[PDB]
Amino acid sequence: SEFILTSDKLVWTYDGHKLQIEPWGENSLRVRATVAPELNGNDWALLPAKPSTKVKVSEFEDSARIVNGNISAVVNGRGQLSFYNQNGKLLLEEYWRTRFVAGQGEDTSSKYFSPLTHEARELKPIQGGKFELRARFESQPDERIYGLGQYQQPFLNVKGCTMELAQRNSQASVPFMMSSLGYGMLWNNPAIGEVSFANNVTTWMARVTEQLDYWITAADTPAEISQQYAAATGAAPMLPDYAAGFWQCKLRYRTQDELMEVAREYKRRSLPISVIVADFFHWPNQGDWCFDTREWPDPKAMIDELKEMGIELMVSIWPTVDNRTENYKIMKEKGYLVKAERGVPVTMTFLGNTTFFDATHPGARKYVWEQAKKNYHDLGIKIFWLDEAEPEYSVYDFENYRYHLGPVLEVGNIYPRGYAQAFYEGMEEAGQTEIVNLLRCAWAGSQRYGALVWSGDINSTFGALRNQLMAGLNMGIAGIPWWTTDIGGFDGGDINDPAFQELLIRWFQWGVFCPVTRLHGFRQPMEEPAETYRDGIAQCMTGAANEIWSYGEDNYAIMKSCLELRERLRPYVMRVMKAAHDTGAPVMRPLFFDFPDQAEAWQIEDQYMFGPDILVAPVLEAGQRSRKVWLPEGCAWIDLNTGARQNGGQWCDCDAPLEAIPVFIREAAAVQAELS
Amino acid sequence: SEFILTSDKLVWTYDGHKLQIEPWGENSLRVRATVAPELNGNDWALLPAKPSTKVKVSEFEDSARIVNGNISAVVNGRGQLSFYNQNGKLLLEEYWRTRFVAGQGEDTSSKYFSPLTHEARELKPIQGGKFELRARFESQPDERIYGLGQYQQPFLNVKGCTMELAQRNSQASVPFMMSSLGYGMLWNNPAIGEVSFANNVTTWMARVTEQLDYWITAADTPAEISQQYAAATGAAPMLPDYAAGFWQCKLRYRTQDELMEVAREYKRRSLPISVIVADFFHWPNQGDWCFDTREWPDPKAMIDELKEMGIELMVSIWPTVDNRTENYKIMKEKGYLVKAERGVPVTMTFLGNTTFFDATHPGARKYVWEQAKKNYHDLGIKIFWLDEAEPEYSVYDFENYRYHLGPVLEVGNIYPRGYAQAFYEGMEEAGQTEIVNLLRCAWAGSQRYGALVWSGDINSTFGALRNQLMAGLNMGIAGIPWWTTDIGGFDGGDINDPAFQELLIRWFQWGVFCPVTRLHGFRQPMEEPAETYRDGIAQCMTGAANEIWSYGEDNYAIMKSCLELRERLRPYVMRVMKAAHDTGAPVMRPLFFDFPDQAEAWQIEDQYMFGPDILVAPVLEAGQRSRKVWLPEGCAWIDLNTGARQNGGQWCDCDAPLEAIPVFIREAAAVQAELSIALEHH
Amino acid sequence: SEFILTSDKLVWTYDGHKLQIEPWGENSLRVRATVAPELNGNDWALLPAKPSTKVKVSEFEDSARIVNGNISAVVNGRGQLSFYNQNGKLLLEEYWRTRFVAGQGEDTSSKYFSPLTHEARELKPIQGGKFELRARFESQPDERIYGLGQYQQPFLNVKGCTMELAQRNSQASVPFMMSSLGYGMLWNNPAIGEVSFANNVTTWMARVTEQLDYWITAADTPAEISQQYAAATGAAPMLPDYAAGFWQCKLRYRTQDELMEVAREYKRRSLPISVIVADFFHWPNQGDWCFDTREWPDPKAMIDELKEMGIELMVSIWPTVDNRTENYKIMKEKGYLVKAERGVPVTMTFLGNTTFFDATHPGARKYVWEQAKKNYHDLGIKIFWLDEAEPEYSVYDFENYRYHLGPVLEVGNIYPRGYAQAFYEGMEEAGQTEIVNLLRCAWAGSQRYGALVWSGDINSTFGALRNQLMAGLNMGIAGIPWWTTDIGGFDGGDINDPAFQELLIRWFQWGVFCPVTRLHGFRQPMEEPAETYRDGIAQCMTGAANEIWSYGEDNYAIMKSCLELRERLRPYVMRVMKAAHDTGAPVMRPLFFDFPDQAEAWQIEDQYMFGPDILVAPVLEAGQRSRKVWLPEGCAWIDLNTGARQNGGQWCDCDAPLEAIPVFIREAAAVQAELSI
Ligand SMILES: O[C@@H]1[C@@H](O)[C@@H](O)OC[C@H]1O
C-alpha cells in the first residue's frame, strides 16, 4: 500500500492497481482507476477543468485526504475510498466485503469484513482483451436519486431501480445522477452496461473498458450541483427564438404540396406556427440525404414561401446508408461506416439493407455533414431532425458491432453525442449561431451540441404520458435542458377516437409547459403507399392527418388557445432558456430544484416547475376532471385559469376541466403580467 | 489407470476420461473418447455394424489389446493408443509429448517423453460450454494420404497439406482418408475444424464437440478399404440409366420456350442428350419452389414433350427462403429455419434477404420435400439440382449460426447430407427407385442418398481444371463415386475467346471420362435482365449460350464426337456404376486403386483409371499437343485414337492433338469391342 | 481503393484497412496492416532502421510499387501484395481466394478467383476486444524453409511442417524464416499462434493482436540474409574467452564442498575446465535469489578459489517467487508479478506455490537484476543461468495469464527476451563487457542480450540427439548463434547403463563441434533429499554423478580427448564467434550456408559446417560404426582423424568407431595449421 501525493493529486497503488483522485472544477473531483501500466488519454464527456485554487492534499495516520472546496475524498491504508462535504457529512462510501485487501487483513469491527470477497473497484480481466468493470458503493436508507437520462418508467426517484446503460429507441443513457444526500456523480464511461441503485448496494457496470472513470461534485443545493455539472460537461447554448414557438409535424407529409398546404392553412387561420417538418423517406434512397424531386419538385421554392410566412423548415436525417447508393460506395472506400463483427454486413433492414455512418469517426461526421450542407443547408434549412440517433440496430446485439473508437461494448453510448456534434460543428463552421437540432438520443455532454432531445416512438396512452413526465424531468437533472415529446405520443392514436382525442388534449396542455411545444405522431388510420416499390426501393407509408383542426371544432378551439398561451409564454421561455445556458439549470425541473428545503418537494412526482415561476400539475388519467395540487411554501400562487390568489404551503383540490390543467404562477413574477 | 474389458470391448479410464474401442464391421474398429459422464448417442455417419464373430480382447503386462480381423488396437497403461495390421506392421500411432500422463511418469526412453505437454486426445473445456477437441497422431516418413473430399488444390496426395473441415462453395469436407500404410480412417464428427497432415505431426481438430469419435479400418488393398468404408457409411445406390448420358445446362435458360428450343435443336441435329436443366431463378421468389408461370406457362407440357424426346428435366432447388414469401411465414412459425446467433436474422442477401431451411431438422426436410413434390415431382420431374448445399452463407462466420442439432461449430458439416436426405427419402417414399440428385456439397455417407456431387462455381482456367482432377479422384476415395464438374468451369469463359475454346475442348474431353458428363457454366458476355426488379423482387441475369454448336464449327465437330463416344461408353459406365454400388469402388480412381503393387501408381497424379479398363491421361495445359503417359504393367493397352497396341510397363510419348486426349483401353476388355476401335490401311 | 504515396512509403487503403510498406534497412521492407484508426507504436524486435540509399516509390496502371535495393513490393488495385528481387524473380505472394475484394470483382483468369472467400490479411475482430490475425501466402513448389527457432522435431527443412508460436520447455519460437527462394521473413509479432508451411498454403496466425507486422529481406546468398536480419534485430555481442572452453554441470551440486571438490578434481587431473555451475535450489526459497548459507557457507571464498583455478562460476536463477518470501510481498506491492486471469493466483507449483516475475515490466526486470547483483554479481559471479525462461507454467493455458504489456495471448512470446534483457542491461550497467548468460528460451532479437540458448529438459535418447542437431542449426538461421545442449540429454540417462554410455560419447563428440561445449544432465539413479521438507519448504533432489570420469576408464579416455580437442579449437571458435558478431552468421551452419550453389547442400540434414572450415558428420544411431559423408565441391578436405586428403564433390564411406565421429577440415585453412600444431 503506497500513496504518491502532490499538492493537487492523490494517487494510491497496490499490485498494479492505480487509484487517482484530483480536482476537476470547483467543489468537484475526478476519480480514475486502472490495472494497466498507466491511465489512458480518454476524457469522454469531461471538458478541461478550470484550475482550482483551494485544493489541499493531506496525510493522517494510515490515510490520505484531498479536499476541493465543498468535497473531500479520504482513502485509508487499504485503498478504500469515501467522500464527505464541507460539514464533514458522509456523501458516498465504497462497498467492500472482504477478509483481505491491499495485502492486509480487513478490520473485523467494520461492515467491510466479509468472506464474500466483493471489491469496490473490480477490474475483471477479459481473456485476451480488456476489463469488465464493476464499481460498488454502499446504499443509504434515506438516499433519493435522480437523473440518468430518459427511461420509459413511472419513477422520478430511481432509488431501487436498475437502468441499462445502452441506447435504444425511446431510451437515452445520460449517466449523471443527483443524490438527495448532497452530491452529483457522472459515470464518465461510454461502455454498454448497467447502473443498479438497489436497496442493498449501488453497482455501476461496464461490459468492456480500459479503466474506471467518474466525476463527483458536492453542493448544498441541486441548483449548484447542476451548475457544477454544466461546467464539467458543457453549457447548453442559447436557444434560437424560433424554437420557442409551435413545431408542426406528422408522419408524414409525403410531398412538397402536402406540406405547403398545411403551412398555408395555419397562415390562412392566423394561427401561430414557427417550425414545420418534412419527416423521413422524402429522399430517393437512404444515404442520398436529399429531396426526391418526384415528390419535392422545387425545395428552394418551398423554403422561400415558408420564409415569407415566418416559418422554418426542419428535415429528417437518417444515419442509414443503403448499399445500392453512391454514398455507400464512397463511405465504404473511406471506412466511414459502422461494421458488423459477424454475419451479413447490414446494421438495419428497414426499407432497405442499410449500414449506419460511424458518428465516432471524425471523417464520417464531416462527410455526412457536407452532404447535408450541400443538399439542405445551402438552400436555407437550418434545423435538422437527427433521427435514429442510438443508432436503432434492427437487433440490439451490441457485441456484434464495432466503431472507429472501438467495439460498441466499450464505446457505444457516445454515438448520439457524435451524431449531434457532426451537425453542430458543421453548422457552426458554416456561420450559423444559436444552433438547435432535434436528436432522438443523447449521452453526457450532448447539450453542448445543441441537442433538443425527444423521447422517441412511444405509444399513445396515458401510461406513456406519465412515463414521459418522469423521463423529461430526469433528463433535465442529467444536464439536458432542451427536451420534448411527440404531443399525443407516437404510435396508436386514431384521429376519430374520442379516447385518443382526450389524451391528445391533456398531452398538448402539458406540451405548452414543456421546453419545446411540438405536435408529432403516426396517427391512425394509416395509409399504405400506392406503389409498394419504385425502382426496387420499398416505399414508406403515412399516418393520418395531425393538424390542430384535424380532431373536430371543440378540440380545435382548445388547441388554438394552447398555441395562443404558448406565444404569451415565449419571453418567459427565453428567460428560462438563457438561465439554462448561464447556470445549467433545467427548464422543466422537479419541485426540489426550486424548493429543496421542503419535504414534499422531494416526494411529489406528478407536479413540476416550468422555470422558477410556474407550477404545473398535469392531468395524467382519462376522465379526470379535478386533482390535488400541493402549493410550495414561501410565496403566494396565482391560479392561471381563475386569477385567484392562494397562500403557499397547502394542498388544494383544483378544477381540471377538459379545457385546462391546473397551473399556478409565483405571485409578482414578471410572467404573471405577461399571461393575463 | 483402469481397464474395463469384456470379450468384444476395450475401455480405459483415468480421471473421468473414458476411451472406448470396439469392433465396427469386418477388419474395423470404432474409437470414442469423452470426459462427460458417459458417451452420447450420436453415430453421425456410421451405420449399425454387422456383428464380428472372431474378436479377441486381452491384457498383458500393464496394457490391453483388441483384435478384429486385419486390425488390432493396443492401449498401454498410460492410455496411449496405437494400431497394427495382421502382419504386426504399425498403421497409426497417437502423438503424446509429456513427462507425466494418467498419474504416472512417462518413459524417458520413448519419443513420448517431453516437457512440452501435448496430449493425443485433447478435450479442452470451453468455459460454460462443451469441448475443443484435438486428436494428434505421429506422422510417418513415407505415408501418402488420399481422400478427405473436394478441395481446390493441385494435390492428389495430401501428406503435408492442411484441409479445412468446413463447407464452402466449391469445397466439400468428406472426412474419410485412405493411407498408403494400408488403413482408412473416418473422422466421425461434423464439427467445424481442421485436419493437418503436417510432416511433423497429424492433428484433427473440432472447434466444438461433446466427444472424440473416429472409425478405422485395415486391409491389404485400397479396394478392400473402400469396400469396408461403404459398409460402414452406406453404399451408393444403382445409378439410373439416363444419368450416364449427356447433361445439357447453362446459367440460365430463362423461359420454357428457350429451354425447349435447345432440346429440340439437339434432337433436330440427331445429337445425344439425356438431361436438360432449368437453372436458378425460374421461380417467383426464393422459397416458393415452383415455376414462375410468366416465363414457364405450362410446365406439364414441357415435361411431356421432353419425355417423348427421351430427355429428363432437372430443376434448380435453392435452400433459401426469402422473408416476403408465404413459406417463410409458415417455416418461421414452425421453427424450420436456420438461425443467426447475433445480428440481423438473414443468412444470405443474394437477390433478397433469405434464411436457409434447416436441413438438420427432420420436420424442415419433410416440409421442403413436400413443396418440391407438389410443384415439381408430381408433374414428372425425376431429378433435382440441390444447389447452395453448404449452405452458402453470404459470410462464412460459422460461429454466428445455429441448427436444430446445435451450433454450426458443433454440427455444421452434416447440412449437405441432410439436404440430400430430404429429397432422397421423399422421392423414395413417393415410389421412385434409382434416385440421383445433383448436390453441390456432401459429408461422410452422402453417397447413400443418391448424391451426384459437382465442384461448384470454379473459374474457367487450366489451373482450375488441374484442381478438379485431383478433387474428383479424392472424392472417390472419400466414398463419393458419383461426381462431376461444369465442363469449361463455371466463371469467366467468353464464348468468342479462342483461349477459352481451347480450355472448353480439353475439359469436355476429360468430361467424357468423368462419372457424369455435364455441360454447364456462366458464359460471357453476360446479359443483365431487362427489368432490374419486378414486384420489388430483384431479377436474375443470364450468361451467354453454352450448347455444343455455340463455339464455331470446328469446335462443334470435336464436341459432337465427344458426345458420340460417351454414348458408346454408356454400357461400360453402367457396369462400373454397378460395381460402385456393389463394392464401394469409385468410378474415376487413382492408378494405385487398380495397380497398388506398382510404385508409379502411387506417384502419378495426372493420369487415372475410369473403371478398371480405361486409362485416361488428360491434357491440362493450353497449347499442349503431346504428353508423356505411363502405361501400367500386367496387361497390354490399345490406343483409343490410333488403334495401336502397347505393352504395359513403360512410358509412352503420346500424341495429343486438339481433337483427342491420350486414352488407352485394357486389351480384350469388353469395352474395347463396344468402342469400335478400327485400324485402317490407307 | 486508394494509394497514399510518398518518396519512401507506400500506403494502400480500403474500408479502414491500412496497408503500409516502407524501407527498413538495406534490401529490406517492413509491412504493416490494421483496421484500427492508425498503426500503433509497437516495434517489438525491430531496431530503428538505417535510412536506405535508393528507395523508389511509383504508381503504374492501377498498381503501386516500392523498391528498396534488391527487394521490391507490388500492390495491385485490389490491395493484393507480392514481392520480387532485383532480377524480377517472385519471392513471396499473398494468398487470396475471393470473387470480390476491395469493392471490385476478382479477375476470373487468376488463381485468386474463388467462392471460398479467404483473405491474405484477415484481421478478424474478437468480440469486445482486438483481432485474431491470419496472414496467408501462396506455397511454392520447390521452396525449402529454415529457421523459426528451436523445435523438437527431426526436420531441418520445415516446408510441410506446422510450428506452434509459443514458448514451452525445450521449444523456442524465434520467428525469423529463411527461404531457398532468396528471401528471409521475420514475423514481428509476439502473440501466441502458429505458422503453417503447408504444401497447399502458408499461414501465419496470431490469437490476439492489434495489427499485422512483418519484415522481409532479399539477397542472393543465405549469408547476406543472415547479415541483413542481424542489422534489423541486433548483432550478437562478442563472446568472452571463457565461454569457448568446457562447462561442467549436473543436477545438482548441493553444497559448496561438493561443487569445489569437482572443480579441484578437474584441475588435479590436468583436465580443461572453464565454467562450473551451481544448479537450482541452492537458495533458501524461490525468489530469495541468494545462496543458502547452510549448504554454501562462504560463497565469496568459493568464487575466489575458482578464480585462482582459472574457472568462472555460473549460478541458477529461477524467475519464480514463492508466496512466503519477503520479495513476494514487495514485488506484489509494486505490481512486478505475472497475474492469473482466473483461479488461484499461482503460476507454478514446483516445490511451492510460486508466481513468475514479469519480464515485460521494466521495473520488475530492474528489481530482479538488483537482487541478483547484490547477492551474486557483487561477489564476482559473471555468468547467470536464466532457467525456466518461457516461463514454465505448470499448465500452458496461455489465455489464463497476463503481463504488463497485455494478455499472454497478445505478447507472451517476448518474455524470454525480456528475461535476458534484465540481466544483460544490468550487467552492462554494472561495468561488465562481453556478457553471456545461459537462457532456456528466446524470441527474435534475444541474441543482442548475450543469450546463450540451450534446448531444455529433453530425454536421453538418440531420437532426441537427432532433433537437437536440427533445432540448433535452425536456431542459427533464426539469428541465435550462441546455442548448445545438455551433453547426453537431460532426463533418463543411467550412468551404469552401457546403452546410455554410448549415447553420451556420441553426444559429447558432437558437443565438441557445438557453439558451446557443455556437460549437463539429471542422471540416474537419482537420490531423494535427506528430509523431504525443511522449515515447511519442499527440498530439491539430486541426480547421480556427471563428470567425465563417472562412466568408467574407457569412456573417460574418449571424453578426455574430446576436451583436449575442444581446447585446440578455441582460437578457431573465437574467430567464428567474432564473425557471428560482425556479420550475423551462425556458428553451427547448414551446408547451404557455405555452399549455396550446390544441390546436395540443400538436401543433407545429418551433416553441417562448424564455421566455414570444419565439416562435421555426427553419428546419430546406436551401434553405428561407419557412415556416408558428402564432401562439398570447390575445395579439398583433410580428415581430422587420419590426416588423409580427399577431393571435394564426392560421397565417402567414413570409419566412425566409438572413439571418433567423421570430421573434415578445409585444406589450407588456418584451423588445419592449429590442429596439427
Ligand atoms: O418520430 C419518428 C421517428 O422516431 C422514426 O421512427 O422515424 C419516423 C418519425 O415519425
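We name chains A, B, ... by the order of the sequence lines, and we start the count at 1 in each one.
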Chain C contact via B/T203 - side chain, backbone, both or neither, heavy atoms under 4.5 Å: neither
message: As an exercise: rank C/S170, C/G493, C/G456 by heavy-atom pairs under 4.5 Å with chain B and give me the winner.
response: C/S170
- prompt: Side chain, backbone, both or neither: which part of C/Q127 has a heavy atom under 4.5 Å from chain B?
  reply: neither
message: Is B/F113 in contact with chain C via its backbone, its side chain, both, or neither, using a 4.5 Å heavy-atom distance?
response: both
- prompt: Given a strict heavy-atom distance threshold of 4.5 Å, which part of B/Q167 is in contact with chain C: side chain, backbone, both, or neither?
  reply: neither
message: For B/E392, is there an ion pair with C/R99 - N to carboxylate O distance below 4.0 angstrom?
response: yes
- prompt: Judged by atom type as modelled, is there a donor-acceptor pair below 3.5 Å linking the side chain of C/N459 to the main-chain atoms of B/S109?
  reply: no
- line: Scanning both residues in full, the closest heavy-atom pair of B/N169 with C/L116 reads O-CD2, 3.6 Å
query: Is a side-chain N or O of C/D491 found less than 3.5 angstrom from the main chain of B/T108, in a donor-acceptor match?
result: no
- prompt: Considering only heavy atoms, which portion of C/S196 lies under 4.5 Å from any heavy atom of chain B: side chain, backbone, both, or neither?
  reply: side chain
- request: Select one option (side chain, backbone, both, neither) describing which atoms of B/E390 are under 4.5 Å from chain C's heavy atoms.
  value: neither
- line: With chain B, the option among C/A198, C/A499, C/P115, C/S114 that has the most non-hydrogen atom pairs under 4.5 Å is C/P115
statement: What one should report as the nearest heavy-atom pair of B/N199 and C/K159 is ND2-O, 3.2 Å
query: C/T461 versus chain B, heavy atoms under 4.5 Å apart: side chain, backbone, both or neither?
result: side chain
- prompt: chain C heavy atoms under 4.5 Å from B/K124: which part of the residue, side chain, backbone, both or neither?
  reply: side chain
B/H118 and C/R168: CA distance, side-chain angles, deciding distance, side-chain contact (heavy atoms from CB on, under 4.5 Å) verdict: CA-CA 11 Å; B/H118 296 307; C/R168 302 170 183 263; 3.6 Å; yes
